[PDB]
There are 4 protein chains.
Amino acid sequence: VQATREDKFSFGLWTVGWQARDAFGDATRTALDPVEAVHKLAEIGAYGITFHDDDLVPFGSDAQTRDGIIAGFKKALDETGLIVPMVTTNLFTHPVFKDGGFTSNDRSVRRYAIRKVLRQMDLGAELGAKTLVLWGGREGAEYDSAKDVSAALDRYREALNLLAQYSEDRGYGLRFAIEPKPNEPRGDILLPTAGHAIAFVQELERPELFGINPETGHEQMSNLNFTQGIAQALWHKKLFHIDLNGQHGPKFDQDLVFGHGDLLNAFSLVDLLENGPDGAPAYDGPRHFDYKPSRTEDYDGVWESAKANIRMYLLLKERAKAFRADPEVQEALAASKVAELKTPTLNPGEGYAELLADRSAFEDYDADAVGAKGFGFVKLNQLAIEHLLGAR
Amino acid sequence: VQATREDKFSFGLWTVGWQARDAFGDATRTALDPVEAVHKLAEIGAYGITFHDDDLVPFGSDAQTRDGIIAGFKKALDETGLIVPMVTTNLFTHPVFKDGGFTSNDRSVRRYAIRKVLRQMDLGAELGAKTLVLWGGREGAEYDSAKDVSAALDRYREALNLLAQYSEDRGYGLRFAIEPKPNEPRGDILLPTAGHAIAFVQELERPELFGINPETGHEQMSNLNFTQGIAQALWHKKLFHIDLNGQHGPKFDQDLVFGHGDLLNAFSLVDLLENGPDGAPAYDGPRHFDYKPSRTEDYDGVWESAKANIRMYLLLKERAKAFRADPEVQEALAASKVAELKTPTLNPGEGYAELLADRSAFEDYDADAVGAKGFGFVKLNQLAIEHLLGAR
Amino acid sequence: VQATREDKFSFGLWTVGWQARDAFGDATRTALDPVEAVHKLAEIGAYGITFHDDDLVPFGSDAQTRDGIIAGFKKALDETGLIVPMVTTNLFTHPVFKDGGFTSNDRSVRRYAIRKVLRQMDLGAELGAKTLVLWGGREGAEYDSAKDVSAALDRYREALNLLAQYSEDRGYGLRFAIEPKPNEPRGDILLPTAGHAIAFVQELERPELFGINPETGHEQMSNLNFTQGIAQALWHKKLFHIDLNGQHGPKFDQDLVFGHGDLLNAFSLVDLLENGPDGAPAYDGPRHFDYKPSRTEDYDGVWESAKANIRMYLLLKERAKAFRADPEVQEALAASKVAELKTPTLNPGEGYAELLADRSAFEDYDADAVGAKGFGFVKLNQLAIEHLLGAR
Amino acid sequence: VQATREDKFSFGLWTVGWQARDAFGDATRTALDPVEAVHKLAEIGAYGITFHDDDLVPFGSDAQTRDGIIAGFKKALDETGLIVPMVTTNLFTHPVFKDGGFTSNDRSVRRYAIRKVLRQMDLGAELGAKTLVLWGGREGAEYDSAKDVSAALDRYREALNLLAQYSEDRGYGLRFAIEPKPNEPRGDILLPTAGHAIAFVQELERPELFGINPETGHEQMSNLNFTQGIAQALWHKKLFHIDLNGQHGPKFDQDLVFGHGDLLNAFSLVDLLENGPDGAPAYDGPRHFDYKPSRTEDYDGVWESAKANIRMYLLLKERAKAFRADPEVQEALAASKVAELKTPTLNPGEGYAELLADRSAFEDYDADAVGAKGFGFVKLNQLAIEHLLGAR
Ligand SMILES: OC[C@@H](O)[C@@H](O)[C@H](O)[C@@H](O)CO
Ligand SMILES: OC[C@@H](O)[C@@H](O)[C@H](O)[C@@H](O)CO
Ligand SMILES: OC[C@@H](O)[C@@H](O)[C@H](O)[C@@H](O)CO
Ligand SMILES: OC[C@@H](O)[C@@H](O)[C@H](O)[C@@H](O)CO
Ligand SMILES: [Mg+2]
Ligand SMILES: [Mg+2]
Ligand SMILES: [Mg+2]
Ligand SMILES: [Mg+2]
């Protein structure tokens with residue numbers, strides 16, 4: 001299988017660039033030059049790169065340095081044909097953000113966090129980025145009495161509303177994507193799941209400019225079904241971006257290669273994004289890999305792992321396609337009545353009164369007889385895995 | 001401390017009435033008579049009782065029978081002074097609901113599911129109930145290819161829009177509270193967390209009529225912070241009802257007495273609900289205990305466990321109040337800047353243009369200096385714990 | 001592929017016979033006749049059947065009735081050529097066992113539990129069973145003060161020593177396998193993981209007669225690595241039996257078909273068992289499926305699901321074989337140094353004296369240079385999954 | 001209350017010295033001077049201090065330096081009266097240990113790891129330490145095909161056997177305590193639970209010299225009942241040491257103050273360790289706090305947090321004693337038959353022959369009447385909690 005720009009695979013500079021300094025040890029790899037990252041990624045088949053302001057320009061660089069770095073980065077994209085579909089801001093690393101950016105209890109930190117972001121929005125706009133991703137990693141708490149969640153939500157909203165105002169006024173045309181995470185690094189992070197993030201966005205001033213950027217491992221950290229969660233994000237039309245990676249349930253954030261965690265869910269996810277209505281994908285944005293090359297690898301291991309992500313996604317797509325094209329699958333789908341859920345429960349123009357008058361919907365209904373027919377779901381599931389396994 | 005009608009403790013008929021038949025064993029208790037339950041609940045301090053249709057009137061009772069039970073039931077209510085704040089429908093027990101009620105792949109079960117609920121709405125209306133709780137326990141799947149999540153949400157919405165229509169035409173004045181649960185009985189249930197339920201509700205035709213009924217244990221089954229999710233629900237103004245109980249993290253649904261599982265989170269929850277805005281509670285609805293007397297107990301144990309629920313709440317309330325009234329806590333709160341979060345990040349009339357002009361919010365900001373001061377959150381947490389243990 | 005008797009696939013009478021009454025609903029299937037179950041299993045390729053005393057002979061059957069059932073059973077066995085490799089006793093269903101069998105706080109229940117088991121050993125011995133599995137599903141607690149664990153382990157050991165005694169005296173030649181489970185039905189079950197069971201077994205009077213019967217989902221309920229725990233059980237030589245099924249991390253006991261939960265862990269499990277040292281399997285007992293046909297299925301889904309367990313094992317087996325015979329996989333193994341772990345760390349005859357004397361082990365050790373070499377683990381993982389996917 | 005040296009509260013140098021560099025951000029605190037630490041801890045009530053080789057002497061310190069540091073360290077101990085009850089070695093930080101120390105695939109690393117430990121054993125012996133704690137934080141894997149678990153256990157055994165040998169020959173008199181942890185930093189760590197660790201120890205050459213050092217948060221990361229695990233560890237006589245802290249279930253290793261995570265389980269643990277048989281504590285070793293002052297804190301929060309660990313243990317101790325001394329508790333314990341578990345199931349001199357001859361244990365036993373009586377566990381639990389809240 002081969003990756004095309006139409007596949008839209010993107011990588012964050014902080015992914016292949018992760019030096020592997022974890023909570024219990026020192027870095028095992030040297031620093032990756034952004035320019036080299038651009039050439040390597042272009043080479044393995046990626047169509048775009050993303051970055052945190054501090055990933056490209058070292059926190060605290062003068063404008064001379066800053067400017068110089070942007071210029072070279074810009075050349076590299078130029079020469080390679082890579083685009084920057086999204087940019088983000090680092091509101092978690094520096095000690096000042098120890099209690100959050102936008103929701104720090106310290107008012108001065110909150111004003112500073114907004115400024116840091118406006119600036120990144122400027123660069124984003126100049127590089128042609130269309131989405132600003134906001135990961136509130138430090139927004140939350142370790143102790144219940146330390147954070148007033150209501151006030152917190154008011155301040156998160158306040159900051160976001162200003163950001164959309166600016167973008168709209170400067171005409172940047174950006175879309176905002178809130179990234180939910182349940183915990184790590186805070187004991188508990190605000191807006192813990194795709195559901196909480198979606199509900200919150202619905203309360204902003206210009207909600208149409210906001211969506212979510214859910215990450216595979218983030219929902220799996222709470223043992224939730226990532227595919228089902230994405231399906232709901234799609235139903236709401238808030239899937240603005242997506243971070244793909246692997247995780248093995250509730251434990252620290254693993255950030256494994258996509259499909260190296262819950263493989264069955266990785267399969268159902270590709271199927272959902274790709275086998276959309278009418279052949280066409282159900283999702284159109286970047287297929288972004290927010291993962292980390294294991295601490296035990298060297299740069300060889302690093303590039304290997306970058307390609308494994310693309311590879312996993314294309315192998316899965318291929319099997320998802322074959323699955324759906326299989327007449328035996330088509331027959332099992334029919335037997336399990338999966339498409340019957342698409343037919344409205346009520347007849348055309350039928351209301352409460354017509355339903356109340358329908359004796360077959362209750363008075364004359366044989367629940368015991370209907371309760372005994374099987375749905376044939378194990379069989380359909382078995383067909384799916386055989387396709388995944390390449391046994392069909 | 002003793003319970004008042006003002007405390008608003010309510011219990012489901014099915015809590016104290018649970019025969020303790022579990023997934024691996026026979027019932028260890030005999031059936032509890034409803035008139036009896038009303039009488040015993042009235043005696044321990046409950047102000048109201050709730051029930052699923054099938055808890056009161058056995059599935060399939062002829063009208064004479066059904067009519068007879070209701071009459072007896074109403075008389076018990078009458079005599080004890082107990083009310084029916086909420087009613088619900090059993091859409092999970094009968095085999096016909098094995099793939100869901102509103103979102104079953106089978107269209108006829110969907111139609112019957114609506115009829116069974118309309119009928120319950122009429123009785124609830126008749127008893128004076130103000131809330132209809134909907135727990136979609138059979139909505140979800142075991143395998144991803146078995147359920148079209150999108151179609152399932154359309155059908156969940158189609159059914160609720162109809163229920164609101166009927167309630168409104170008829171003048172019943174009901175409020176609808178959706179109850180989220182991540183799993184059990186289904187592998188994965190649709191609308192798994194408080195967030196997912198709130199996001200969904202915002203998409204119905206008359207959203208103002210819809211809220212959620214979150215359960216302590218359900219959020220804990222995903223290892224989420226229950227108090228923090230209630231804080232967000234209150235922020236959205238969607239906390240229409242609450243189900244209190246205890247649980248020990250992610251494992252089957254335990255349904256312990258409130259406060260017998262995560263005690264620290266039980267404490268922060270009572271503080272949130274009672275030490276509200278003015279001085280006044282932040283939540284005014286029923287404090288409903290959705291628990292189960294452990295299988296190892298007889299009826300003395302059942303009545304002991306019912307009183308334990310009320311005792312845990314009043315004991316926690318008492319300490320929450322004491323916590324907030326302590327000068328040392330006030331001092332700790334001031335050092336942690338909890339209240340500073342309530343002050344807008346921006347000065348009145350300040351926008352991005354003024355923020356951008358403030359050199360001190362960025363260009364001259366000493367982030368290193370700010371990042372070095374502590375928040376003193378451990379100390380605040382320790383004071384809270386000492387109040388809970390009655391150590392101060 | 002097709003299963004052979006050499007495959008040693010067995011099923012418990014209670015798996016295909018599960019009537020699907022869960023914690024929230026009635027049964028969706030009628031009862032399966034044991035003779036019929038014998039015939040059907042034989043037909044799908046099983047080599048044996050197992051059962052709890054109460055699965056075959058209804059609790060409280062008079063001796064004439066019990067004798068009759070046993071006789072018809074034996075005939076079916078005879079006629080089909082199926083064997084009974086293991087038997088077990090139900091010490092969890094009847095209300096009497098609500099606080100456990102061997103470890104109930106009530107002395108009389110402990111005496112009756114032992115008699116119930118002795119009677120099953122007789123029947124097992126007569127059907128030719130070689131293993132007696134002990135699943136103490138009710139041994140545990142919901143509250144810490146309710147159970148003295150130390151006393152409980154003493155009582156557990158007391159019962160198990162008597163059982164070995166009787167067996168050895170009767171010349172039954174049985175081996176005992178304790179089956180660990182973390183929770184469900186008790187809040188916390190004693191001997192929660194394979195580890196705890198092994199450590200306990202080591203304290204019996206005749207440890208050589210005791211091992212464990214670990215179950216895939218049971219270890220996954222604690223989010224532990226099943227294959228890795230199995231590897232350790234094999235190092236201790238205590239894998240007497242195994243229960244294969246599927247689970248999705250920490251939540252109620254799902255009992256899915258083997259391979260329908262954690263697919264990647266199912267794959268590495270089959271690699272461990274069959275591609276043992278010296279060509280041959282590392283384990284030679286029954287491959288027992290302790291699963292449940294989903295509640296959504298009828299008898300067709302039931303047989304479908306029994307066959308899916310066998311297909312799943314055979315497909316993974318084929319892929320594990322191909323994986324290991326791949327010269328590229330071999331080269332990756334060499335590069336990752338997997339086999340180098342099998343070489344003693346100390347040289348032959350080397351002791352601490354010589355090690356202390358070797359300056360290349362410390363004094364002249366270049367930690368920094370070794371620390372920089374990659375192990376190539378990601379690439380190895382990628383070939384593994386490419387084999388499972390049938391992409392190689 | 002006040003801490004005495006008989007309480008035996010000890011702390012690791014890395015606890016109060018944690019600079020708060022997490023997986024996502026920089027250190028928020030400057031480095032702690034070891035002499036100061038000795039002084040500070042002496043002041044809050046600690047009776048001893050512990051450390052990893054590398055906590056005290058910077059990795060790669062010349063002999064001169066090393067010697068220099070130790071000498072100052074011994075002075076501080078001298079001056080203050082603190083002892084070093086236990087010592088440990090860092091086999092997780094330096095990049096060379098990325099695949100483990102003792103079970104690294106790389107043989108040269110295994111040799112180096114051994115050397116590094118020998119050296120710390122010497123320093124330990126010289127400082128008067130009685131226990132060597134071994135935490136194999138890097139022992140495990142991220143991918144199943146990368147680690148032969150059996151060979152890894154062989155190599156782990158091989159290294160421990162040698163250490164015992166050396167200690168015995170040098171006459172050091174050390175006991176060794178293996179510390180289990182399920183994950184972090186490796187995806188899966190070898191010897192994931194107290195269970196697994198005990199089973200392993202039993203396979204060593206001089207098992208009487210080995211035990212375990214379970215940590216509260218480690219067992220809670222897999223959602224196990226810490227108290228029950230320590231009860232088993234005491235049953236086996238393998239509780240050589242204990243690490244006390246707090247955790248909020250399955251998520252990253254939090255390291256909160258003891259009792260700041262699962263408060264009810266911290267209560268039952270204190271009760272188990274102190275309200276041992278013959279009035280006396282069931283455990284007589286160090287009560288060691290392996291925790292971390294939250295990243296949001298400064299040095300004041302650091303000493304605050306140190307004192308909190310002591311305050312929590314002593315407040316809990318005080319309630320555990322009141323609980324056991326309460327007559328109504330005594331009445332509840334009797335009704336729950338907690339002590340009847342201590343009376344052997346069989347009468348003195350009874351074996352299977354006499355048990356078989358007892359019609360009352362089976363043939364004439366009324367399981368139904370026994371099964372109808374409740375154990376009063378809920379009431380007993382409620383009394384325990386009211387004692388903890390200081391409500392009784
Ligand atoms: O768990 C960390 C998180 O995934 C981070 O990598 C974000 O995705 C980023 O800050 C915005 O893309
Ligand atoms: O998981 C059980 C669930 O909590 C159920 O008891 C609902 O709460 C009820 O059907 C609506 O109140
Ligand atoms: O969770 C239930 C457990 O798995 C049970 O099915 C045992 O396996 C059996 O009683 C002994 O084989
Ligand atoms: O998870 C970290 C681990 O607990 C470490 O702090 C050890 O306990 C130490 O290596 C020996 O005490
Ligand atoms: Mg991400
Ligand atoms: Mg509920
Ligand atoms: Mg089993
Ligand atoms: Mg520790």
# chains A, B, ... in the order shown; residues from 1 in each chain; ligands from 1
$ residues_near_ligand --ligand "ligand 3" --cutoff "10 Å" --atoms "only C-alpha atoms and all ligand atoms" --output "short mmCIF file (atom, residue, chain, number, x, y, z; two decimals) with N, CA and C atoms, in the first residue's frame"
data_model
loop_
_atom_site.label_atom_id
_atom_site.label_comp_id
_atom_site.auth_asym_id
_atom_site.auth_seq_id
_atom_site.Cartn_x
_atom_site.Cartn_y
_atom_site.Cartn_z
N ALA B 23 -26.20 -11.64 38.75
CA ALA B 23 -25.80 -12.33 37.53
C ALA B 23 -25.31 -13.75 37.77
N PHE B 24 -24.95 -14.03 39.00
CA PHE B 24 -24.46 -15.36 39.38
C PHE B 24 -25.22 -16.06 40.51
N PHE C 11 -15.70 -27.24 26.06
CA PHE C 11 -16.70 -26.22 26.42
C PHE C 11 -17.40 -26.65 27.71
N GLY C 12 -17.78 -25.69 28.53
CA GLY C 12 -18.52 -25.97 29.77
C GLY C 12 -19.98 -26.01 29.29
N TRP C 14 -22.36 -24.98 30.81
CA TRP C 14 -22.94 -23.66 31.15
C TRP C 14 -22.66 -22.53 30.16
N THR C 15 -21.81 -22.69 29.18
CA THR C 15 -21.45 -21.67 28.16
C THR C 15 -22.57 -21.69 27.13
N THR C 50 -17.30 -29.97 30.03
CA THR C 50 -17.12 -29.83 31.47
C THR C 50 -18.45 -29.38 32.09
N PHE C 51 -18.58 -29.37 33.42
CA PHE C 51 -19.88 -28.90 33.94
C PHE C 51 -19.72 -28.71 35.43
N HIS C 52 -20.63 -27.97 36.00
CA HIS C 52 -20.73 -27.76 37.43
C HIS C 52 -21.80 -28.84 37.74
N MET C 86 -12.50 -32.14 32.91
CA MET C 86 -12.52 -31.39 34.18
C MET C 86 -13.97 -31.27 34.64
N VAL C 87 -14.11 -31.21 35.94
CA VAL C 87 -15.46 -31.01 36.52
C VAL C 87 -15.26 -29.86 37.54
N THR C 88 -16.35 -29.28 37.97
CA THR C 88 -16.35 -28.17 38.94
C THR C 88 -17.65 -28.22 39.72
N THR C 89 -17.77 -27.55 40.84
CA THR C 89 -18.92 -27.47 41.72
C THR C 89 -19.45 -26.04 41.83
N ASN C 90 -20.74 -25.92 41.81
CA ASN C 90 -21.39 -24.59 41.95
C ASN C 90 -21.46 -24.24 43.44
N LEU C 91 -20.64 -23.34 43.89
CA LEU C 91 -20.61 -22.84 45.27
C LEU C 91 -20.92 -21.32 45.19
N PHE C 92 -21.80 -20.91 44.31
CA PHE C 92 -22.05 -19.46 44.21
C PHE C 92 -23.51 -19.14 43.93
N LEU C 132 -10.06 -30.85 38.79
CA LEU C 132 -11.15 -30.30 39.56
C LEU C 132 -10.78 -28.81 39.60
N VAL C 133 -11.57 -27.94 39.05
CA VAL C 133 -11.39 -26.49 39.02
C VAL C 133 -12.22 -25.95 40.21
N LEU C 134 -11.61 -25.00 40.91
CA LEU C 134 -12.27 -24.36 42.05
C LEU C 134 -12.38 -22.85 41.79
N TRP C 135 -13.58 -22.34 41.52
CA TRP C 135 -13.79 -20.89 41.33
C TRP C 135 -14.55 -20.34 42.55
N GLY C 136 -13.84 -19.71 43.46
CA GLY C 136 -14.49 -19.21 44.68
C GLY C 136 -15.06 -17.84 44.42
N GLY C 137 -16.09 -17.79 43.62
CA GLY C 137 -16.77 -16.57 43.22
C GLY C 137 -17.40 -15.77 44.34
N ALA C 177 -7.20 -27.04 40.34
CA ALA C 177 -6.82 -25.75 39.72
C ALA C 177 -7.68 -24.64 40.33
N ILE C 178 -7.07 -23.67 41.00
CA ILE C 178 -7.82 -22.56 41.60
C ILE C 178 -7.98 -21.53 40.49
N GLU C 179 -9.13 -20.95 40.31
CA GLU C 179 -9.39 -19.90 39.30
C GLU C 179 -9.60 -18.52 39.96
N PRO C 180 -8.64 -17.62 39.72
CA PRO C 180 -8.67 -16.27 40.30
C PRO C 180 -9.65 -15.38 39.55
N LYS C 181 -10.20 -14.39 40.19
CA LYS C 181 -11.13 -13.39 39.65
C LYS C 181 -11.07 -12.21 40.62
N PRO C 182 -10.93 -11.01 40.09
CA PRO C 182 -10.79 -9.81 40.92
C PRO C 182 -12.02 -9.33 41.66
N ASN C 183 -13.17 -9.45 40.98
CA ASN C 183 -14.44 -8.99 41.55
C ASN C 183 -15.56 -9.58 40.75
N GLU C 184 -16.79 -9.46 41.16
CA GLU C 184 -18.02 -9.91 40.52
C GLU C 184 -18.22 -11.41 40.63
N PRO C 185 -19.15 -11.91 41.45
CA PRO C 185 -20.09 -11.13 42.23
C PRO C 185 -19.73 -10.45 43.51
N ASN C 213 -6.26 -22.06 37.17
CA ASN C 213 -7.12 -22.07 35.97
C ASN C 213 -7.44 -20.60 35.70
N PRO C 214 -6.50 -19.87 35.13
CA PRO C 214 -6.66 -18.45 34.84
C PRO C 214 -7.61 -18.27 33.68
N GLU C 215 -8.33 -17.14 33.67
CA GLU C 215 -9.29 -16.87 32.57
C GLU C 215 -8.93 -15.55 31.91
N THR C 216 -8.94 -15.52 30.58
CA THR C 216 -8.61 -14.29 29.84
C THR C 216 -9.29 -13.06 30.40
N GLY C 217 -10.60 -12.96 30.34
CA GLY C 217 -11.25 -11.76 30.86
C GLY C 217 -10.99 -11.45 32.30
N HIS C 218 -10.73 -12.46 33.13
CA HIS C 218 -10.55 -12.17 34.57
C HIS C 218 -9.32 -11.30 34.80
N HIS C 241 -4.82 -25.72 33.86
CA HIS C 241 -5.98 -25.58 32.92
C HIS C 241 -6.06 -24.11 32.51
N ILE C 242 -6.87 -23.77 31.53
CA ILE C 242 -7.04 -22.40 31.06
C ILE C 242 -8.45 -22.17 30.53
N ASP C 243 -9.01 -21.00 30.82
CA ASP C 243 -10.34 -20.59 30.36
C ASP C 243 -10.10 -19.46 29.34
N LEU C 244 -10.50 -19.66 28.10
CA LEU C 244 -10.29 -18.69 27.02
C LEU C 244 -11.60 -17.97 26.71
N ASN C 245 -11.53 -16.65 26.63
CA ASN C 245 -12.70 -15.79 26.32
C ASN C 245 -12.17 -14.41 25.93
N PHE C 252 -17.83 -5.07 33.83
CA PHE C 252 -18.43 -6.38 34.19
C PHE C 252 -17.77 -7.43 33.28
N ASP C 253 -17.87 -8.66 33.69
CA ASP C 253 -17.38 -9.89 33.07
C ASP C 253 -18.17 -10.08 31.77
N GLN C 254 -17.59 -9.84 30.59
CA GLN C 254 -18.31 -9.94 29.32
C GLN C 254 -18.45 -11.34 28.72
N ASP C 255 -17.41 -12.16 28.91
CA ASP C 255 -17.42 -13.53 28.41
C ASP C 255 -17.69 -13.61 26.90
N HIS C 288 -9.94 -24.65 26.92
CA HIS C 288 -11.34 -24.53 27.33
C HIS C 288 -11.96 -23.18 27.16
N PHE C 289 -13.10 -23.07 26.51
CA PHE C 289 -13.83 -21.83 26.25
C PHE C 289 -14.89 -21.62 27.33
N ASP C 290 -14.66 -20.67 28.19
CA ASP C 290 -15.58 -20.29 29.28
C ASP C 290 -16.06 -18.91 28.83
N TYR C 291 -17.09 -18.96 28.02
CA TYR C 291 -17.71 -17.80 27.37
C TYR C 291 -19.23 -17.94 27.41
N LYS C 292 -19.90 -16.91 26.92
CA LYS C 292 -21.35 -16.85 26.84
C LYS C 292 -21.84 -16.27 25.51
#
$ interface_residues --of "chain C" --to "chain B" --cutoff "10 Å" --atoms "only C-alpha atoms" --output "JSON, numbers by chain"
{"C": [20, 21, 22, 23, 24, 25, 26, 27, 28, 29, 91, 92, 93, 94, 95, 96, 97, 98, 99, 137, 138, 141, 142, 143, 182, 183, 184, 185, 186, 187, 188, 221, 222, 247, 248, 249, 250, 251, 252, 253, 254, 256, 260, 261, 294, 295, 296, 297]}
$ residues_around --residues "range 321-330 of chain D" --least-positions-apart "4" --cutoff "7 Å" --atoms "only C-alpha atoms" --output "MDAnalysis selection string"
chainID D and resid 317 334 380 383:384 387
$ residues_around --residues "residue 264 in chain C" --least-positions-apart "6" --cutoff "8 Å" --atoms "only C-alpha atoms" --output "list in words"
residues 261, 262 and 263 of chain A; 385 of chain C
$ write_last_selection --atoms "N, CA and C atoms" --output "PDB file, in the first residue's frame"
ATOM      1  N   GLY A 261      -2.758  -0.536  19.822  1.00  0.00           N
ATOM      2  CA  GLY A 261      -3.472  -0.595  21.088  1.00  0.00           C
ATOM      3  C   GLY A 261      -4.687  -1.536  20.978  1.00  0.00           C
ATOM      4  N   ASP A 262      -5.853  -0.942  20.850  1.00  0.00           N
ATOM      5  CA  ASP A 262      -7.092  -1.721  20.703  1.00  0.00           C
ATOM      6  C   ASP A 262      -7.211  -1.857  19.188  1.00  0.00           C
ATOM      7  N   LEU A 263      -6.764  -2.989  18.646  1.00  0.00           N
ATOM      8  CA  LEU A 263      -6.808  -3.184  17.181  1.00  0.00           C
ATOM      9  C   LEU A 263      -8.216  -3.302  16.602  1.00  0.00           C
TER      10      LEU A 263
ATOM     11  N   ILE C 385       2.016  -7.709  13.774  1.00  0.00           N
ATOM     12  CA  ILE C 385       0.655  -7.321  13.362  1.00  0.00           C
ATOM     13  C   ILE C 385       0.437  -7.543  11.880  1.00  0.00           C
TER      14      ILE C 385
END
$ select_by_dssp --residues "range 221-312 of chain A" --states "strand (DSSP E)" --output "number ranges by chain"
A: 243-244, 287-289
$ write_last_selection --atoms "N, CA and C atoms" --output "tab-separated table (two decimals), in the first residue's frame"
chain	number	residue	atom	x	y	z
A	243	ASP	N	-6.95	13.02	16.36
A	243	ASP	CA	-5.59	12.58	16.70
A	243	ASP	C	-5.68	11.05	16.81
A	244	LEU	N	-4.97	10.32	15.99
A	244	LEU	CA	-4.94	8.86	15.99
A	244	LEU	C	-3.68	8.30	16.65
A	287	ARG	N	-5.78	13.23	8.92
A	287	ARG	CA	-5.67	11.97	9.65
A	287	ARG	C	-4.31	12.24	10.30
A	288	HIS	N	-4.33	12.84	11.47
A	288	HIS	CA	-3.18	13.27	12.26
A	288	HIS	C	-2.72	12.26	13.28
A	289	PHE	N	-1.44	11.93	13.35
A	289	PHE	CA	-0.92	10.93	14.28
A	289	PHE	C	-0.23	11.68	15.42
$ residues_around --residues "range 32-39 of chain A" --least-positions-apart "4" --cutoff "9 Å" --atoms "only C-alpha atoms" --output "PyMOL selection string"
chain A and resi 13+16-19+43-44+48-49+55-56+72-73+75-77+79-80+82
$ atom_distance --atom1 "CA of residue 189 in chain D" --atom2 "CA of residue 104 in chain D"
12.4 Å
$ select_by_dssp --residues "range 270-344 of chain D" --states "helix (DSSP H, G or I)" --output "JSON, numbers by chain"
{"D": [270, 271, 272, 273, 274, 299, 300, 301, 302, 303, 304, 305, 306, 307, 308, 309, 310, 311, 312, 313, 314, 315, 316, 317, 318, 319, 320, 321, 322, 323, 324, 325, 327, 328, 329, 330, 331, 332, 333, 334, 335, 336, 338, 339, 340, 341, 342]}
$ residues_around --residues "residue 353 in chain D" --least-positions-apart "6" --cutoff "12 Å" --atoms "only C-alpha atoms" --output "ChimeraX atom specification"
/C:115,118,162-163,165-166,169-170 /D:346,359
$ write_last_selection --atoms "C-alpha atoms" --output "PDB file, in the first residue's frame"
ATOM      1  CA  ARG C 115     -19.458 -32.055  51.307  1.00  0.00           C
ATOM      2  CA  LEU C 118     -16.548 -34.183  47.783  1.00  0.00           C
ATOM      3  CA  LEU C 162      -8.899 -32.192  53.009  1.00  0.00           C
ATOM      4  CA  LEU C 163      -9.794 -32.473  49.331  1.00  0.00           C
ATOM      5  CA  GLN C 165      -6.259 -36.031  51.156  1.00  0.00           C
ATOM      6  CA  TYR C 166      -9.509 -37.692  50.084  1.00  0.00           C
ATOM      7  CA  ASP C 169      -6.621 -41.800  49.532  1.00  0.00           C
ATOM      8  CA  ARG C 170      -9.265 -42.724  46.985  1.00  0.00           C
TER       9      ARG C 170
ATOM     10  CA  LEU D 346     -13.558 -29.291  61.124  1.00  0.00           C
ATOM     11  CA  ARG D 359     -25.600 -36.133  57.793  1.00  0.00           C
TER      12      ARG D 359
END
$ closest_residue --among "B:306, B:230, B:391, B:212" --to "ligand 6" --atoms "only C-alpha atoms and all ligand atoms"
B:212
$ atom_distance --atom1 "CA of residue 312 in chain B" --atom2 "CA of residue 259 in chain B"
6.2 Å
$ residues_around --residues "residue 146 in chain C" --least-positions-apart "6" --cutoff "8 Å" --atoms "only C-alpha atoms" --output "NGL selection string"
:D and (333 or 336 or 338 or 377 or 380-381)
$ write_last_selection --atoms "C-alpha atoms" --output "short mmCIF file (atom, residue, chain, number, x, y, z; two decimals), in the first residue's frame"
data_model
loop_
_atom_site.label_atom_id
_atom_site.label_comp_id
_atom_site.auth_asym_id
_atom_site.auth_seq_id
_atom_site.Cartn_x
_atom_site.Cartn_y
_atom_site.Cartn_z
CA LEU D 333 -18.97 -7.99 64.69
CA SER D 336 -21.66 -10.65 61.31
CA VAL D 338 -16.56 -12.18 61.78
CA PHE D 377 -22.56 -6.27 56.96
CA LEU D 380 -21.14 -2.99 60.46
CA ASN D 381 -19.84 -0.88 57.54
#
